[PDB]
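Consider the single chain below, provided in structure tokens and representing the form deposited in one PDB entry.
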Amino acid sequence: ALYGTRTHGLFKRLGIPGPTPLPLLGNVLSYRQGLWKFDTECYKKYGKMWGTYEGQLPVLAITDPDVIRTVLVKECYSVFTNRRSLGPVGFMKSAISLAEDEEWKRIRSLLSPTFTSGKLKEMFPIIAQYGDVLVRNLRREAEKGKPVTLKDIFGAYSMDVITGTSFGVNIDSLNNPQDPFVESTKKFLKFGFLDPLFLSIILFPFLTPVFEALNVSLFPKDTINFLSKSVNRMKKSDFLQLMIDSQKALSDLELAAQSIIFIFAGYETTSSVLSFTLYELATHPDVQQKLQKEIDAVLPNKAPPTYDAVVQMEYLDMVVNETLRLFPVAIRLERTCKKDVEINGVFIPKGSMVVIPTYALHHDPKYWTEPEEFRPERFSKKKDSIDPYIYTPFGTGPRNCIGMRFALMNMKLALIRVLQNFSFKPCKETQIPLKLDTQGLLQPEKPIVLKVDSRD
């Protein structure tokens, strides 16, 4: 059984500290507390650089901004181009989040004109039309005299926007739970929990070819089929339309992968940050009232938002940027060495992983005074510019979040509407302080519920 004790002497030899890996498992057992908790604990114990093992895969965490800049920007195309080892994914191998090396550079180049600020300005009325249904669905829950579970309200809004901006179909997620789009896309929420299949190829990466050969995918095969068949039937009759017009050619299999992955990526994360932003505005009433004072001063008498009004709301941008500091839903940034590389005078083998602990650097007292406190004033345009390698909620470099500007616009349009019409405050069922759960996509331990009062 030559598999278990092959690489577990690397960091010990290189002089890089870290937790003691168990045979076969590595340090994988330490993840059960959540990657956010494991990363902060390692940061406090070892410092600038530590080393863990996902099975037999060596993982080197780095916290020096000069080193982060080299891995995310300088040597991106040359060493650290790909994110994590390929797993059994089927045709989703052409998804932009999975594509590697030259194939990723090509797919990223084709999709880049779709997510420019110019195309976002053209789609602004499309995104904004989903604010009405959000305010309406939130109005009835407010007049019921009962608390509002934010994940159901903004989860439905996030699915509505991401599907409407992808296919042009105006789903009413909250009022049509039995819709096939809603039930299929709902299964994406299981992402973030324990995945034995994903963990099996982590500990035994040689199983990835076997699973592919047996047509086993890390994605919900039923949901991937519904979306792929839905994408095809629509092409006979938008993110989809922008990708059809672009047809270096984007194949039919590749385009179906990008449509699916954009829905997968935008659904829960947008829903999660939107709930975190409202929790902070409720537990900080003066922060909420000041933000309401800004929206009303720019948009008088509940005026419909325009692009220029949304972009020129500074205090709205500060609140969102601070919610993302406290809760970067993608806890960390990961990269793979496509060759033997020397990082900060340390020789790292090919295929090893480099983790930028975003969450740990976001709560570091060395960079943020009172790091556990929601202070939007950190992102005031008068202070010194925040380090782009310490604050990395969307990552940095050629391979950062391609939908960063879209997600920020999608959330702000929602925040402006709900604040134009409602105020938010806690109640007996609200957890203070907020306890994060162990899920790999940041979620609270108990669902956020807030009292929603209309301003009229």
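We number the residues from 1 along the sequence you see. Just so we're on the same page, rigid core means the largest C-alpha set that superposes within 1.5 Å between forms.
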### Task
State whether residue 339, though modelled here, is left unmodelled in a third or more of the other entries compared.
no
### Message
Compared with other deposited entries of this protein, is residue 249 missing coordinates in at least a third of those that cover its neighbours?
### Response
yes
### Summary
residue 247 to residue 248: deposited residues not modelled, binned count -> 4 to 9
#### Entry: Missing from the model but present in the deposited sequence, between residue 237 and residue 238
10 or more
### 262-270 versus 340-348 - greater average Cα B-factor per the deposited record
340-348
### Task
Determine, for stretches 10-18 and 428-436, which one has the higher mean CA B-factor as deposited.
428-436
### Query
Going by the entry, which of 189, 295, 92, 203 has the most elevated CA B factor?
295
### Message
By the CA temperature factor listed in this entry, which of these ranks top: 331, 353, 278, 142?
### Response
142
#### Entry: For residue 309, the third of its chain into which the C-alpha B factor falls
highest
### Message
When the deposited Cα B-factors of this chain's modelled residues are ordered and cut into thirds, is residue 147 in the lowest, the middle or the highest one?
### Response
highest
### Query
If you rank the chain by CA B-factor, which third does residue 88 end up in: lowest, middle or highest?
lowest
### Summary
Quick tally, chain-level thirds of C-alpha B-factors: residue 97 sits in the lowest
### Task
Would you mind checking where the Cα B-factor of residue 360 ranks among the modelled residues of its chain, as the lowest, middle or highest third?
lowest
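What comes next is about the form deposited in another entry, which does not appear here.
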### Query
Tell me, which of 98, 142, 182, 309 is the one whose C-alpha shifts by at least 2 Å between the shown form and the other one, with the rigid core superposed?
182
### Query
2 Å or more on the CA of residue 194 between the shown form and the other one, with the rigid core superposed, yes or no?
yes
### Query
Considering a change of 3 Å or more, are the Cα atoms of residue 30 and residue 193 closer or farther in that other deposited form than here?
closer
### Task
Using the form shown as baseline, tell whether residue 55 and residue 193 are closer or farther in Cα-Cα distance in that other deposited form, where the change reaches 3 Å or more.
closer
